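**Student:** I have a structure here, written as C-alpha cells, and I will follow up with some questions on it.
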Amino acid sequence: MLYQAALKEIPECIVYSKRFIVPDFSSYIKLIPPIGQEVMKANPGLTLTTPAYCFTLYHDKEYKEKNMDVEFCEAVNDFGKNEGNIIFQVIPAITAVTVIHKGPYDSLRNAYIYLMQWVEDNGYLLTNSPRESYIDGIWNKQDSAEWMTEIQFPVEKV
Ligand SMILES: CCCCCCCCCCCCCCCC[N+](C)(C)C
Ligand SMILES: CCCCCCCCCCCCCCCC[N+](C)(C)C
Ligand SMILES: [Cl-]
C-alpha cells in the first residue's frame with residue numbers, strides 16, 4: 001500500500017475511555033464492543049460526536065505488538081458519569097503527522113513503520129502516544145480491502 005503523509009492539527013475532544021494491558025491486538029479488540037454498551041446504558045442521552053472520532057492510544061514507550069498498553073477512546077459531545085473503569089477525560093490537542101491505512105489490520109504495522117521513518121527523514125520528533133483512528137471496518141464494509149484506519153503520530157518540528 002502507498003502511504004501518503006499529511007500534517008494536521010487535531011483539536012481537543014471529550015471521550016469515554018478504558019485502558020488495558022493486552023496480550024495482542026486480537027485479544028484487545030474483543031474487549032471493545034462491551035465498552036460502548038456499558039457506558040451508554042449508564043448515561044442515557046450520551047451522544048457520539050459527528051463526525052465520529054474513535055481511536056486507540058498506544059502508550060508504550062517503544063514499539064511493541066504483544067503485552068501492549070492501550071487505551072480505547074470514543075469522542076462524545078459532553079461528559080457523562082464514569083462507569084467502572086470506563087472514564088471520561090479530555091484528550092488534548094496535538095499536531096500530528098498522519099497516514100491512512102487501507103485494508104485489514106494484519107498489516108497495520110506497515111503504517112507505523114512508515115510514519116516512524118517519515119518523522120526521522122523530515123526533522124520531527126514523536127512527542128505523545130500514537131493514535132489509531134477507526135473509520136471504516138467490519139461495522140460498515142464487508143470488503144475488508146475498503147477498511148480505513150488513520151494512524152496519527154503527535155509530533156513537533158526539531
Ligand atoms: C526514536 C523513536 C523510535 C521509535 C519510537 C516508537 C514509540 C512506539 C509508540 C507506541 C507503540 C506503538 C504500538 C502500535 C502497535 C499497533 N499494532 C498492534 C496495530 C501494530
Ligand atoms: C458473526 C461475525 C461476527 C462479527 C462481529 C462484528 C462486530 C462488529 C462490532 C464493531 C465495533 C467497532 C468499534 C469501532 C467503532 C465504529 N465507529 C468508528 C463508527 C465509531
Ligand atoms: Cl527542514
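Ordering of the C-alpha cells sets the chain letters (A, B, ...), residue numbers begin anew at 1 in every chain, and ligands are numbered from 1 in the order given.
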Mind checking which residues fall within 9 Å of residue 13 (chain A), counting only C-alpha atoms, ignoring those fewer than 6 positions away in the same chain, and posting them as a list in words?
**Tutor:**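 Answer for this query is residues 53, 75, 76, 77, 89, 90, 91, 92 and 93 of chain A.
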**Student:** So that I have them on file, write out the residues from the current selection with C-alpha atoms, as an mmCIF file, in the first residue's frame.
**Tutor:**
```
data_model
loop_
_atom_site.group_PDB
_atom_site.id
_atom_site.type_symbol
_atom_site.label_atom_id
_atom_site.label_comp_id
_atom_site.auth_asym_id
_atom_site.auth_seq_id
_atom_site.Cartn_x
_atom_site.Cartn_y
_atom_site.Cartn_z
ATOM 1 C CA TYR A 53 -13.592 10.116 16.369
ATOM 2 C CA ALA A 75 -15.402 11.027 21.326
ATOM 3 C CA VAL A 76 -18.666 12.378 22.746
ATOM 4 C CA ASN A 77 -20.264 15.806 22.798
ATOM 5 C CA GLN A 89 -11.479 12.554 30.017
ATOM 6 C CA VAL A 90 -10.343 15.350 27.715
ATOM 7 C CA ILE A 91 -7.780 14.191 25.144
ATOM 8 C CA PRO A 92 -5.555 17.197 24.370
ATOM 9 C CA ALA A 93 -4.990 18.909 21.046
#
```
**Student:** Name the residues, by chain letter and number, that sit within 9 Å of ligand 2 using only C-alpha atoms and all ligand atoms, and give them as a list in words.
**Tutor:**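 Counting only C-alpha atoms and all ligand atoms, the residues within 9 Å of ligand 2 come out as residues 29, 30, 32, 33, 34, 36, 48, 52, 53, 54, 55, 74, 75, 133, 134, 135, 136, 137, 138, 139 and 140 of chain A.
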**Student:** Store the residues of this selection in a file with N, CA, C and O atoms, as a PDB file, in the first residue's frame.
**Tutor:**
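Final file, out_20.pdb:
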```pdb
ATOM      1  N   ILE A  29      -9.173  -6.203  20.703  1.00  0.00           N
ATOM      2  CA  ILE A  29     -10.375  -5.716  20.049  1.00  0.00           C
ATOM      3  C   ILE A  29     -11.642  -6.439  20.527  1.00  0.00           C
ATOM      4  O   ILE A  29     -12.722  -5.846  20.494  1.00  0.00           O
ATOM      5  N   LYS A  30     -11.529  -7.679  21.015  1.00  0.00           N
ATOM      6  CA  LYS A  30     -12.675  -8.368  21.617  1.00  0.00           C
ATOM      7  C   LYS A  30     -13.186  -7.664  22.866  1.00  0.00           C
ATOM      8  O   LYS A  30     -14.364  -7.844  23.243  1.00  0.00           O
ATOM      9  N   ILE A  32     -13.502  -4.437  23.054  1.00  0.00           N
ATOM     10  CA  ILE A  32     -14.011  -3.114  22.700  1.00  0.00           C
ATOM     11  C   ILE A  32     -15.535  -3.033  22.688  1.00  0.00           C
ATOM     12  O   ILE A  32     -16.090  -2.088  23.256  1.00  0.00           O
ATOM     13  N   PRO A  33     -16.257  -3.962  22.073  1.00  0.00           N
ATOM     14  CA  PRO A  33     -17.717  -3.814  21.994  1.00  0.00           C
ATOM     15  C   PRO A  33     -18.367  -3.582  23.350  1.00  0.00           C
ATOM     16  O   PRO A  33     -19.304  -2.782  23.421  1.00  0.00           O
ATOM     17  N   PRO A  34     -17.978  -4.295  24.423  1.00  0.00           N
ATOM     18  CA  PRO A  34     -18.657  -4.078  25.713  1.00  0.00           C
ATOM     19  C   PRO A  34     -18.559  -2.658  26.252  1.00  0.00           C
ATOM     20  O   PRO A  34     -19.397  -2.246  27.071  1.00  0.00           O
ATOM     21  N   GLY A  36     -18.729   0.443  24.804  1.00  0.00           N
ATOM     22  CA  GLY A  36     -19.815   1.299  24.374  1.00  0.00           C
ATOM     23  C   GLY A  36     -21.139   0.880  24.968  1.00  0.00           C
ATOM     24  O   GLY A  36     -21.933   1.717  25.394  1.00  0.00           O
ATOM     25  N   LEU A  48     -22.442  10.437  20.627  1.00  0.00           N
ATOM     26  CA  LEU A  48     -21.159  10.436  19.949  1.00  0.00           C
ATOM     27  C   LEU A  48     -21.021  11.666  19.063  1.00  0.00           C
ATOM     28  O   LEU A  48     -22.014  12.184  18.530  1.00  0.00           O
ATOM     29  N   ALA A  52     -17.593  11.203  13.824  1.00  0.00           N
ATOM     30  CA  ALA A  52     -17.077  10.356  14.867  1.00  0.00           C
ATOM     31  C   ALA A  52     -15.557  10.521  14.983  1.00  0.00           C
ATOM     32  O   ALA A  52     -14.853  10.847  14.020  1.00  0.00           O
ATOM     33  N   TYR A  53     -15.038  10.228  16.171  1.00  0.00           N
ATOM     34  CA  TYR A  53     -13.592  10.116  16.369  1.00  0.00           C
ATOM     35  C   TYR A  53     -13.373   9.018  17.404  1.00  0.00           C
ATOM     36  O   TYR A  53     -13.607   9.216  18.598  1.00  0.00           O
ATOM     37  N   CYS A  54     -12.960   7.854  16.933  1.00  0.00           N
ATOM     38  CA  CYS A  54     -12.884   6.638  17.732  1.00  0.00           C
ATOM     39  C   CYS A  54     -11.493   6.083  17.515  1.00  0.00           C
ATOM     40  O   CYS A  54     -11.120   5.819  16.379  1.00  0.00           O
ATOM     41  N   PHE A  55     -10.707   5.958  18.587  1.00  0.00           N
ATOM     42  CA  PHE A  55      -9.288   5.707  18.379  1.00  0.00           C
ATOM     43  C   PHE A  55      -8.676   5.022  19.586  1.00  0.00           C
ATOM     44  O   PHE A  55      -9.171   5.118  20.725  1.00  0.00           O
ATOM     45  N   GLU A  74     -13.488   7.001  22.613  1.00  0.00           N
ATOM     46  CA  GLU A  74     -14.521   7.369  21.671  1.00  0.00           C
ATOM     47  C   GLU A  74     -15.038   8.742  22.048  1.00  0.00           C
ATOM     48  O   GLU A  74     -15.430   8.980  23.192  1.00  0.00           O
ATOM     49  N   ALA A  75     -15.054   9.634  21.073  1.00  0.00           N
ATOM     50  CA  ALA A  75     -15.402  11.027  21.326  1.00  0.00           C
ATOM     51  C   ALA A  75     -16.905  11.238  21.448  1.00  0.00           C
ATOM     52  O   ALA A  75     -17.694  10.761  20.614  1.00  0.00           O
ATOM     53  N   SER A 133      -7.076   5.592  14.539  1.00  0.00           N
ATOM     54  CA  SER A 133      -8.435   6.097  14.417  1.00  0.00           C
ATOM     55  C   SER A 133      -9.215   5.230  13.430  1.00  0.00           C
ATOM     56  O   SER A 133      -8.899   5.210  12.228  1.00  0.00           O
ATOM     57  N   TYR A 134     -10.287   4.594  13.923  1.00  0.00           N
ATOM     58  CA  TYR A 134     -11.053   3.615  13.162  1.00  0.00           C
ATOM     59  C   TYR A 134     -12.163   4.347  12.419  1.00  0.00           C
ATOM     60  O   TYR A 134     -13.002   5.005  13.044  1.00  0.00           O
ATOM     61  N   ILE A 135     -12.165   4.229  11.094  1.00  0.00           N
ATOM     62  CA  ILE A 135     -13.118   4.946  10.243  1.00  0.00           C
ATOM     63  C   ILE A 135     -14.102   3.981   9.597  1.00  0.00           C
ATOM     64  O   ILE A 135     -15.295   3.959   9.948  1.00  0.00           O
ATOM     65  N   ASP A 136     -13.599   3.180   8.668  1.00  0.00           N
ATOM     66  CA  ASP A 136     -14.352   2.119   8.011  1.00  0.00           C
ATOM     67  C   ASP A 136     -13.774   0.757   8.393  1.00  0.00           C
ATOM     68  O   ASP A 136     -12.561   0.605   8.562  1.00  0.00           O
ATOM     69  N   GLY A 137     -14.650  -0.208   8.586  1.00  0.00           N
ATOM     70  CA  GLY A 137     -14.234  -1.508   9.088  1.00  0.00           C
ATOM     71  C   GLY A 137     -15.402  -2.474   9.010  1.00  0.00           C
ATOM     72  O   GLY A 137     -16.363  -2.236   8.279  1.00  0.00           O
ATOM     73  N   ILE A 138     -15.340  -3.534   9.820  1.00  0.00           N
ATOM     74  CA  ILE A 138     -16.339  -4.607   9.745  1.00  0.00           C
ATOM     75  C   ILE A 138     -17.744  -4.121  10.084  1.00  0.00           C
ATOM     76  O   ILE A 138     -18.724  -4.785   9.717  1.00  0.00           O
ATOM     77  N   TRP A 139     -17.868  -2.994  10.805  1.00  0.00           N
ATOM     78  CA  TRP A 139     -19.162  -2.389  11.117  1.00  0.00           C
ATOM     79  C   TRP A 139     -19.902  -1.835   9.900  1.00  0.00           C
ATOM     80  O   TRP A 139     -21.127  -1.677   9.979  1.00  0.00           O
ATOM     81  N   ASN A 140     -19.195  -1.492   8.813  1.00  0.00           N
ATOM     82  CA  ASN A 140     -19.826  -0.862   7.678  1.00  0.00           C
ATOM     83  C   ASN A 140     -19.385  -1.340   6.304  1.00  0.00           C
ATOM     84  O   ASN A 140     -20.073  -1.014   5.328  1.00  0.00           O
TER      85      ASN A 140
END
```
**Student:** What's around residue 122 (chain A) at 10 Å? Count only C-alpha atoms, leave out sequence neighbours fewer than 3 positions away in its own chain, and write the answer as a list in words.
**Tutor:**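 Skipping anything fewer than 3 positions along the chain leaves residues 117, 118, 119, 125, 157 and 158 of chain A.
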**Student:** Okay, now the selection with C-alpha atoms, as a compact mmCIF listing (two decimals), in the first residue's frame?
**Tutor:**
```
# COMPACT_ATOMS: atom_id res chain seq x y z
CA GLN A 117 10.66 6.76 9.06
CA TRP A 118 8.87 9.92 7.95
CA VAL A 119 9.44 11.56 11.32
CA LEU A 125 10.11 14.28 16.97
CA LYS A 157 9.46 20.03 14.48
CA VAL A 158 13.03 19.73 15.60
```
**Student:** Counting only C-alpha atoms and all ligand atoms, what residues are within 10 Å of ligand 1, given as a PyMOL selection string?
**Tutor:** chain A and resi 22+24-26+28+56-70+105-113+115-117+119-120+124-132+151+153
**Student:** Any chance you could list, as a PyMOL selection string, the residues in region 3-140 of chain A that come up strand (DSSP E or B) when DSSP is run on the backbone?
**Tutor:** chain A and resi 6-10+13-22+48+54-58+68-76+83+86-91+94-102+124-126+131-136
**Student:** Report as number ranges by chain: the residues of chain A with a DSSP assignment of alpha helix (DSSP H), based on the backbone of this structure.
**Tutor:** A: 25-30, 33-42, 108-121
**Student:** Please provide the set of residues having any atom within 7 Å of residue 147 (chain A), restricted to only C-alpha atoms, with same-chain residues fewer than 2 positions apart removed, written as a list in words.
**Tutor:**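 So, after excluding close chain neighbours, the residues are residues 102, 103, 104, 136, 137, 141, 144, 145 and 149 of chain A.
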**Student:** Output N, CA and C atoms for every residue in the selection just made, as a PDB file, in the first residue's frame.
**Tutor:**
```
ATOM      1  N   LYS A 102      -5.316   1.519   4.453  1.00  0.00           N
ATOM      2  CA  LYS A 102      -6.428   0.811   3.845  1.00  0.00           C
ATOM      3  C   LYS A 102      -6.245  -0.688   4.035  1.00  0.00           C
ATOM      4  N   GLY A 103      -7.343  -1.378   4.312  1.00  0.00           N
ATOM      5  CA  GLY A 103      -7.322  -2.813   4.401  1.00  0.00           C
ATOM      6  C   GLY A 103      -7.316  -3.381   5.803  1.00  0.00           C
ATOM      7  N   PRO A 104      -7.174  -4.709   5.854  1.00  0.00           N
ATOM      8  CA  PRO A 104      -7.240  -5.434   7.119  1.00  0.00           C
ATOM      9  C   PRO A 104      -6.106  -5.073   8.060  1.00  0.00           C
ATOM     10  N   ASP A 136     -13.599   3.180   8.668  1.00  0.00           N
ATOM     11  CA  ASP A 136     -14.352   2.119   8.011  1.00  0.00           C
ATOM     12  C   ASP A 136     -13.774   0.757   8.393  1.00  0.00           C
ATOM     13  N   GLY A 137     -14.650  -0.208   8.586  1.00  0.00           N
ATOM     14  CA  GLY A 137     -14.234  -1.508   9.088  1.00  0.00           C
ATOM     15  C   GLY A 137     -15.402  -2.474   9.010  1.00  0.00           C
ATOM     16  N   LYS A 141     -18.337  -2.156   6.194  1.00  0.00           N
ATOM     17  CA  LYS A 141     -17.838  -2.630   4.907  1.00  0.00           C
ATOM     18  C   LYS A 141     -17.397  -4.076   5.061  1.00  0.00           C
ATOM     19  N   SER A 144     -13.041  -6.175   3.156  1.00  0.00           N
ATOM     20  CA  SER A 144     -12.013  -5.650   4.052  1.00  0.00           C
ATOM     21  C   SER A 144     -10.932  -4.861   3.340  1.00  0.00           C
ATOM     22  N   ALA A 145     -10.817  -4.956   2.006  1.00  0.00           N
ATOM     23  CA  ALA A 145      -9.872  -4.084   1.316  1.00  0.00           C
ATOM     24  C   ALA A 145     -10.258  -2.610   1.427  1.00  0.00           C
ATOM     25  N   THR A 149      -8.302   3.178   8.345  1.00  0.00           N
ATOM     26  CA  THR A 149      -7.820   3.456   9.691  1.00  0.00           C
ATOM     27  C   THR A 149      -6.743   4.506   9.548  1.00  0.00           C
TER      28      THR A 149
END
```
**Student:** Of the residues A:123, A:44, A:98, A:114, which is the one nearest to ligand 3, using only C-alpha atoms and all ligand atoms?
**Tutor:**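 With only C-alpha atoms and all ligand atoms as the atom set, the closest residue is A:123.
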**Student:** Between CA of residue 99 (chain A) and CA of residue 5 (chain A), what distance in Å does the model show, to one decimal?
**Tutor:** 5.1 Å
**Student:** May I ask which of the residues A:11, A:23, A:80, A:154 is the closest one to residue 43 (chain A), counting only C-alpha atoms?
**Tutor:**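 Smallest distance to residue 43 (chain A) is found for A:80.
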**Student:** Select, from A:121, A:95, A:19, A:51, the residue with the minimum atom-to-atom distance to ligand 3, counting only C-alpha atoms and all ligand atoms.
**Tutor:**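 Nearest to ligand 3: A:121.
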**Student:** Need to verify the contact set: residue 39 (chain A), 8 Å, only C-alpha atoms, exclusion of same-chain residues closer than 3 positions in sequence. Can you return it as a ChimeraX atom specification?
**Tutor:** /A:16,35-36,42-43,82-83,86
**Student:** Rounded to one decimal in Å, what is the spacing between atom 1 (Cl, counted along the ligand's line) of ligand 3 and CA of residue 94 (chain A)?
**Tutor:**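 Straight-line distance from atom 1 (Cl, counted along the ligand's line) of ligand 3 to CA of residue 94 (chain A) works out to 19.9 Å.
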**Student:** Can you tell me how far CA of residue 150 (chain A) sits from CA of residue 2 (chain A), in Å to one decimal?
**Tutor:** 13.5 Å
**Student:** Ranking A:27, A:9, A:81, A:73 by minimum distance to residue 41 (chain A) and counting only C-alpha atoms, which one comes first?
**Tutor:** A:81
